[PDB]
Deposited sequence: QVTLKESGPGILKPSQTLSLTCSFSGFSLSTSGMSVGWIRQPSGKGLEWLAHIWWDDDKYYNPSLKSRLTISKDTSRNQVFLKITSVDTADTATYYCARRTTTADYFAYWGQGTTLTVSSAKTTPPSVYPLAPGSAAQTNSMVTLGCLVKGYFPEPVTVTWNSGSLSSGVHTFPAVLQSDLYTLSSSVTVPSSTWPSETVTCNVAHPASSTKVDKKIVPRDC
């Protein structure tokens, strides 16, 4: 079967060199007409073609990355490599390798991708803050953590309905998100509501009980 499998370093600091590997099986780059390309996707954003290599060593590059890209292959080992020098935050993306052939001239086969984060951030626990107000909406703000992810639950998981936990966004190299929960006004504050926030990378777990605001 035709398969492609990307691997990479997972995380790099700005200025470092990215070395990606595409290990394939089910075909050979010694076979006439064979080619492999690299395509990336910043999260929540679109696809960008980067580079391409053919069985006879012809290589094509996207000018948008200038002299930063180098594609190569080891047909003996069934591998294609992509090197990107001087990485910066904009190189944060999922990287895919994909095959085309002269007789099947389209990207029919893709790998699952390898995800890369480029950041100078250090591991940092979140600051967790209460968001206090027929139905009532409460929340918790989870601010200034790195790396992803955090997990947020409400009442240790017993409150699962009516919850919106929003995607994290970057603020000065650190992540922030909030979670909201909506419950009947008859259950709060008469009954407690607590947000539980775990950030595995920093070895932290915090509970924040929500109490009513005055303004």
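The sole unmodelled region of the deposited chain is 134-140.
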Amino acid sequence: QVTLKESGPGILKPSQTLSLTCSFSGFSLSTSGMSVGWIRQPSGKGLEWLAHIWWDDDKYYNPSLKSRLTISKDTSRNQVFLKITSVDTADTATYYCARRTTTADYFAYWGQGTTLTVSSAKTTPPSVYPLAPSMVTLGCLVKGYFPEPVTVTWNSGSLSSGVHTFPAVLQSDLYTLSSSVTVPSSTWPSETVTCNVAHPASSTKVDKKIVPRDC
From here on, numbers count along this sequence of modelled residues.
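Just going by the entry, 66-74 versus 186-194 on mean CA temperature factor gives the higher value to 186-194. Taking the mean C-alpha B-factor of each stretch as recorded, 122-130 and 75-83 are not equal, and the higher mean is that of 75-83.
Each of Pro42, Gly37, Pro147, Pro167 has a CA temperature factor in the record; the biggest one is found at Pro42.
The PDB entry assigns its highest CA temperature factor, among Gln112, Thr115, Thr89, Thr102, to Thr102. Ranked by Cα temperature factor within the chain, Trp55 sits in the highest third according to the deposited record.
In the deposited entry, the Cα temperature factor of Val181 places it in the middle third of its chain's modelled residues. When the modelled residues of the chain are ordered by C-alpha B-factor, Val136 sits in the highest third. Ranked within its chain, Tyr175 lands in the lowest third, by CA B factor from the PDB record.
In this PDB entry, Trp49 carries a Cα temperature factor that places it within the lowest third of its chain's modelled residues.
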